């Protein structure tokens, strides 16, 4: 019944819900230990292993389902209303997920497609410290690469590794030049 119910809940959860749930459970289950988990039921049972989910303890489950906005599953399988979960989670100490994970997840919620792509681009820029706006051309990029000492008369490795994933003609130009350096 109970485990059967858990399977029932697990059946209605897709890949996105699985990823979100695994992220929200990082406070108890390490990220490397999550890769064997391929569905929601494995996660549920892993939670049972840490005694955070049993017939007498459905709190963390309800919290998880509430965070990912699966209120339908709460009503259907757990008989739980949104008002109850809110009233509970506002009460201090009753929250079992850290404010950090919650914060990151809410950020992930607020972000759209374009905002996500922009997030990747901006992150890459903040890591490499080489902001490549659409103002500069390929020549300026070459200059920046020579400045970074990653491009030169005898250093074409990165240029080739980039051009190979774009167009064979470019790589053919590079090789033509490189073989004329006999």
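Residue numbers count along the first chain shown, from 1.
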Checklist outcome for this item: Higher of the two mean Cα B-factors (81-89, 96-104; per PDB record) comes from 81-89
Checklist outcome for this item: Higher of the two mean Cα B-factors (55-63, 131-139; per PDB record) comes from 131-139
Next on the checklist: For the CA B factor values reported in this entry, which option in 70, 148, 155, 113 has the top one?
Outcome noted: 113
Checklist entry - Split the chain's modelled residues into thirds by Cα B-factor; is residue 144 in the lowest, middle or highest one? => result lowest
